[PDB]
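Basis for what follows: all heavy atoms, side chains included, without hydrogens, waters or symmetry-related copies. Protein chains get the first letters and strands the later ones, always in sequence-line order, with residue 1 at the start of each.
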Amino acid sequence: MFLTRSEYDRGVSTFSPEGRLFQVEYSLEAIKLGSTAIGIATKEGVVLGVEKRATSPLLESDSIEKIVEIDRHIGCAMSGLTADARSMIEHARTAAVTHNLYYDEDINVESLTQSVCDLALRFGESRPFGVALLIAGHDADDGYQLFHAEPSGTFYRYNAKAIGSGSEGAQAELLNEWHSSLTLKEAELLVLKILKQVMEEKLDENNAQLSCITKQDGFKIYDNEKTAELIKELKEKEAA
Amino acid sequence: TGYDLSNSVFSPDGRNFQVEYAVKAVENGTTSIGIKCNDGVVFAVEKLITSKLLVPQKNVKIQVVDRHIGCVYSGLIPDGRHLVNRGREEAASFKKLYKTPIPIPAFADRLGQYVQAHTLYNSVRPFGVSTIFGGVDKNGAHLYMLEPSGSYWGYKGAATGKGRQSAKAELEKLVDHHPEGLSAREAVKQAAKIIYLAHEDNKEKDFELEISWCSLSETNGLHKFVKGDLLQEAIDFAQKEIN
Amino acid sequence: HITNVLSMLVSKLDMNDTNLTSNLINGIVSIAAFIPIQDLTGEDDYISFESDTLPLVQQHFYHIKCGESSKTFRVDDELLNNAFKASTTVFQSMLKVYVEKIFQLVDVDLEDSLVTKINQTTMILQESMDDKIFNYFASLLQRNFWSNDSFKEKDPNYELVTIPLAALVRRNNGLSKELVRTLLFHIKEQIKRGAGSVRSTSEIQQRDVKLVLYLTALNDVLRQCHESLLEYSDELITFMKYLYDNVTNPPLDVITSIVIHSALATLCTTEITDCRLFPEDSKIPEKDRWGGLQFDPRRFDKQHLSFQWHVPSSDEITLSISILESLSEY
Amino acid sequence: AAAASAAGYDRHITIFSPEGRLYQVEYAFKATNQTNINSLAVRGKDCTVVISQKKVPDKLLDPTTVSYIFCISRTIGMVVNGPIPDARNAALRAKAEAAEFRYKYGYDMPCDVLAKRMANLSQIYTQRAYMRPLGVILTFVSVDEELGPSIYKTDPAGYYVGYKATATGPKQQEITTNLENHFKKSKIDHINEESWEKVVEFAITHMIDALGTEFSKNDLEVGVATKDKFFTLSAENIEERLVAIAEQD
Amino acid sequence: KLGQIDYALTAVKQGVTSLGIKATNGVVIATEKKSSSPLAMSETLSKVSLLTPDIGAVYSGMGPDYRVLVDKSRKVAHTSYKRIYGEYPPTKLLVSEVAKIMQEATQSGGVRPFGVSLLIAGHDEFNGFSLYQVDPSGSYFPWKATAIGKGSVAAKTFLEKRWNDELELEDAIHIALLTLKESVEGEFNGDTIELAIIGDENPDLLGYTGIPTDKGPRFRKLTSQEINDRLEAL
Amino acid sequence: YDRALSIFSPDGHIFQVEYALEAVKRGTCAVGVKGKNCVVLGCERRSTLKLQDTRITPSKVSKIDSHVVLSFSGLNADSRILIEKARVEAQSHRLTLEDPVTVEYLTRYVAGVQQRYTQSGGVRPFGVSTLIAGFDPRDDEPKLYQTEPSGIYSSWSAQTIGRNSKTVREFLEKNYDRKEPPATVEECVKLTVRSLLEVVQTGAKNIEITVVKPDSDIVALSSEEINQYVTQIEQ
Amino acid sequence: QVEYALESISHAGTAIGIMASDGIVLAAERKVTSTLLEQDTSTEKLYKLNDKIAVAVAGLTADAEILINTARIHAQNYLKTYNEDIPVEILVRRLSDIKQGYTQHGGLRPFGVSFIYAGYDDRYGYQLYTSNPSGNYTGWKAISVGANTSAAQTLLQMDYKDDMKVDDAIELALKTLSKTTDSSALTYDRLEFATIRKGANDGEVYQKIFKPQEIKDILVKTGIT
Amino acid sequence: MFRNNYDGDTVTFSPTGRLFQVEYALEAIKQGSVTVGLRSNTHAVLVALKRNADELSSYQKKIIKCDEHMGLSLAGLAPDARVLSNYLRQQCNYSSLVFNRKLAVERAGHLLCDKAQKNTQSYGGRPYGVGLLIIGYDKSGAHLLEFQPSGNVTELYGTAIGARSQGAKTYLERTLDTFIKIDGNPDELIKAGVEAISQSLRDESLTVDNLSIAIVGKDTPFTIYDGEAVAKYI
């Protein structure tokens, strides 16, 4: 093992000779270390899935929630639930309700994604802020949309995106599998298939949580029983 | 040993090394000069041509403040633009309040005070420019050079930038040989000669000579550019002299 | 390369960068300790530092800087030896810049260790000079000590100039008679002009600074006069009485009482006079002595290490007792 | 030009050293010697006088603009020993302070309240790590109606005191010793002459006798404090004082 | 362990000596006035100051800091008590406000402590005569006698030998002039010494007459002639 | 051993509360279990120095309102501020909405203050956890919650915050089953009894236990009843 | 994260509180100090809060006097609000919460002081308490803070009896201090002393913060010279 | 092995008169994908090669509309291009409602220089790390400006900025007399720009989504083409 350091490392708000801000680069790779979240967008819905930590049998429920409702139209997934994730979510919630009472109309998903990025450029009020988000929603202009909002205060729209544990091979299988033609059921099976591969081959309703956005029901997180029949549908469909 | 890293600090000599380093930025700039005439001021500069793609009529090195103050600078280009904007708004402020054109000495002090303030606080850096400016007012012709420390004096002729050594030496000959003072027409010709003589240290780059003047007889005391046949006559004087 | 480097080091001494100046003084003392400050040119009057040494330092540096090695660099031994002999003709120029830096450093807020180091390098330069360069340097230093702008600050480094003068008089006793009569004249001038007329316990006042300079110079020079005090002993004793009548500022009583200590101390002390790199403009170890015999196995030789030393005379002992009982009884 | 958070060591910002010294303030004293100009101020019987050297080696300067004597108000003036940018700053401040005082308190700013005010401003610059000391000594002069002929001197530490006479600059200790030995001889607190023509004459003599160089009209500058006028001498008026020194002896 | 306040204390321990002594019927505060030049007019700067007609101060350390402190201390004695209570403070109240001013500087980053220690002496109806030392820290202590600056260790040894609960103000002045005489850097006369009392009231120094309620300053700076009269016996 | 290529700080960041969460293990054991028709909290008593006055010592278990109780492990000084904040908030809710505070709202507000003392940075988090329990108004489902210094909160069928609370949790998992919990207060009490007598830093001064029953029936068992419950079989 | 502030008080002289069956007894010792430092002042050890409550202090007077004045203000405000004087428990809790805040809030510093609050009120009778920089407080039968805490608490433990009279608590405080004294004799000028008792004969709370002569009189009762 | 002492802050000068932190901000422009601008007398054109993170990603926005008569492009940094572009939108709206004028593109240039130079002069701040090519039309004709993060702006007939721009820039310098005479025909000016950007794509190839184009001048508002609209220019 050898050492590869540099004189411009840990430089805050400082360009290196190359024009690099290494702090925001470092923050942007810590997204590899969290719990796995996956988003699939289709003409039928946006599906968000996340790996759940195993819990004591005595735990009846908890306020750890890596998939969160922002609005009826908009849902969100984290790889970590630090104070900065809470700050971004309660900013996104306050941004949604203020737009609703101003225009009598639902916020566009790009405009909400832009708003949580502006919070990270402001640092609340060249620093990174908080954690990677997947942001999913439907609006009448740009349909079903999935965005990666980043600690840098910048973002991209994706057709499918994986964050957290598993990054290189997690997005490698998604670009191999994604179609314009995916049905919603098929997208759910695909996020469960990807979750099984990243989890070193374990899959229960106790370690996979699913959700989707549709126009008709909006954002909903699936019951353990709904994800359990979907896991059985995966287990038979791969064995067939 | 750390006295030269931030702007407020005195070194053990009692000098501000960040202002010593700001005048090194001025010394890397294009050479520019001014001449005080019998009734006015002439300014001249070597405009280095960096490529064919620059729109030739809209890159102008000489800068106009109010209508009677001409201005030129050497060193940082964003810093020169900022002092010229301070200058334009400082002159427009006096013109709005007193209804009369700002005295060149009063204008000079308002800039000197502004630039000196940027030597006080370590929350800022000095300006990396020297400004040569001047004009005609109620008291006649004035020529000023203002430096990164906020230091300024009145001059008979002033030079700053890369060619300043050669230009200062020639300007001393103008002053020695014309001790009554030069006419504005001869000062234009003689300024062209000094910019061509300054460019022979830098012959590797193309340049455009740019001249302006502000004279109570030739221009009614309004600052104007030397254009067409007089510019070409002054070029032909500088070209026979540089042989 | 070494006298080009010595010249470039001495030109680069700062008054703001005490850390760089400390590192330049380390270079200067290391060059001085090994090299003789001497001109090795015989009747070779055609050779000159520039056009002999520099052309061999511009070709050699360009050759090694463009990635080639010193092993590839071939030149005549004759061009090389002319480039060496011509290196040695530049020393009087370097010493003028050095004294001019020493008088600039008097005004600087230095540290006791850097001041001590600057004195050591000035003394090691002197012990490395031949009599020709030493006779030049002595006059240059004495001239600057009288004709300077260099004691304007609150609390100057007097030692940087006064230890060098005491070191001149250790090498040559013949300098002391004029330097000791010029100092006591200037002390009388400053005392008559009012120095030490205003009391303060805590400080040397700004009007006292020249009196303190000439008294500390007197204290330092008198410590090294030895058998040369015997020429002007009575004149010094009557001056000591005048000084103990006329000045009574409590900060100056310490400085003015060190005058007898230095006088009596030099009359009874046994110590080394001669520390020269090469003795007395004497012996013959060749002109190839850029190194001071350090590795040359002939360093241990009795004709190299024959030091004159100082052994108190009987006249110097009859004067030491005359000063001691005169002043104490006084 | 705003205040902000930034770092420094005990000799880059005004902070006590391990020995209680403020190096940034002692280094601002060395900045006062930078112009290499000596100045002298002395009290007459009903005036006070300030003489400055004038250096203009550069033949390309208009010598009319090189000026270290400043008019603060009709009654009061100053000489600055230090860099011209800091001198123009201190002059603009002292002019504004005097105008604001004549507005509020209804009489012209005394020379003891202007030196104090400027010394209080310099103390705020000696305890501030975000703003530096000025590299200047300010000598204020007027013929007050409360104390008469007045000299007050202020420095980069915000110390000030009143003076019988003073000199400021690179060679000031010789001027000061020659003034000390004048007052030790005459035993007055002033120069015993009834007209500003004889005091500006005596000050130029002492400046020549101390500095060992003669002055052309252009090598000297002059200030002449009289009740309801501080003023500076033009070169033809200074010529009168210089021509009255050659004819006298 | 040392910080910026231990260095401000070293600025005080380097500064010119001053002292305070409390007697049965008053208080003395006293110091040497040291001149930068013999051309300097030593009447034109005051070492000892009136804060209110019944409170006075003397310092040791950095003179310019003390001058800005006393300007603020006077403004503090006005905006606080004269302008709302209608009357001047007890010495305890003004010492707390002076210490609040000194603590604010040691606290704020990008400011340094005041390089002065203060002796504040005064009178009050409930507390009577009092003497307090205020240090660069913004801490305050009450004293029977004290000294600050260069001479303070020898001065405090002489004050420990000579203080007793029965001294009169006139004998405390003799002890004070003996204590200043030993530490003196310059000459010792009524022009180099500065000396004040807070003692009996002085109705002449009220500068007006009629209204029976006002009694004039308890505080009094001695003239140089009064000092020289005492120095003829001292 | 995440040095890899001798890498350090490649993420450039840190987040940490866990010094407070360790104090929450050091502190006295506190354990709570639902029944079918009750919730019982039991908390360890600290041994008391020879010269203390016991007459005014707080019960450790702490009523917020007639239907709701709070208990804690962690710093006692911090716990007072949370109990006082929970008591003023419970009075503030009960006044302003004309109905008693719901157990989840009380936990959400206690979690709200532990969140704000995490987020604000100029303060440390409180060195304490909470065991919030009782019944809602007009309800007979027993409800039982935890908060932690992190401001995370959770619902539990049984729970134990302490130093030796990993073996209590194993005994609770061994004997509790959410298909068929201890139904009657008799079983429920005897199971927090069996928990507390296993691994508490016990002595002659031992344990404080409180039964909550529906409709504001809140009762600390007597120092005799905690002894009557010691029914045993041994071999 | 406050234990250095608890180290601070350990040097600061000593205070003993002892509760009888019919009163309370505060004693404290002034540190020996410079001859010229003024003693006749407001900065002492045994202060007061209201006619029913007294405190003794360890730690710096500058941190003590702010809390003492806050307590006096809050006790005056309570008496003004309810026309019955503040309970001792509410005073110490109110003073325990102010002190906790300045320890948990990083914009502030922990108060380097620890007061022994003695008092009486009818909700719990005579109440002896200690509070320290952490903001915790405890009720006691006897307690001590500051210098010689450990040695004093052993002598308290082996002699204290729950049934003892106030006069026995006078003896026990004086005899504890004369056992654990840093000076090899004890004198009235180093000793500050107070009691809280049931009236002259009727129902009122009677404080005494003893004057120097009354201290001399109880020292010559108790056989300390 | 080396340790630059004079590049830690935007307010330090090098001993040679360099602002290294502003030079490193110019090095940030060469981190973003290539953009080209060019002009004639009647029209001015931007063309930009848009990058993406992955094949599932949307393309990053390179061209922004500031008003109906001007807009810019953004190589180097994306988020630094929105701070400047938002301010340039504000200043255009302000010029319409306060003066009843379209903002002059030279005036817009000075306003960017002003905003950028302030960051170059103040502690704690960082020079912008974005290079703007601004195009517009106003009463002086068609214009192109290159803004540099130091606070400087240049009037050009054409330029290229971003990674591997020297290819397109060298083609424009060689083609200058030709593309500046493309008047009354906007499509040939777009094709000359798309051929210029093709000299910077070293082996790479334009596609509908990888290419974006914008034009302004005479009768044509500022319009952006990307997606299927660039199909006739591939």
Minimum-distance pair of heavy atoms, taken over all atoms of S6(F) and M1(A): OG-CB, 4.0 Å
Residue part contacting chain F, namely of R86(A), when any heavy atom lies under 4.5 Å: side chain
Residue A4(F) versus chain A: region with a heavy atom under 4.5 Å: backbone
Distance (rounded to the nearest 0.5 Å) between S63(A) OG and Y145(F) OH: 10.0 Å
Test item: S27(A) and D11(F) side chains (from C-beta on) under 4.5 Å apart, heavy atoms: no
Interface residues of residues 122-130 of chain F facing chain A - non-hydrogen atoms under 4.5 Å apart: none
Contacting moiety of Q146(F), where chain A heavy atoms sit under 4.5 Å: neither
Salt bridge (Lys or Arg N to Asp or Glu O under 4.0 Å) partners of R87(F), counting only residues at least two apart: none
Residues which pass side chain to side chain contact (heavy atoms under 4.5 Å, CB included) with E29(A), listed by chain and number, not counting sequence neighbours: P10(F)
Chain F-proximal positions within residues 48-60 of chain A [heavy-atom distance under 4.5 Å]: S56(A), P57(A), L58(A), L59(A), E60(A)
Minimum heavy-atom distance between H13(F) and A30(A), given as atom pair plus value: NE2-CB, 3.5 Å
Spatial distance of atom CG (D62(A)) from atom OH (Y153(F)) [nearest 0.5 Å]: 9.5 Å
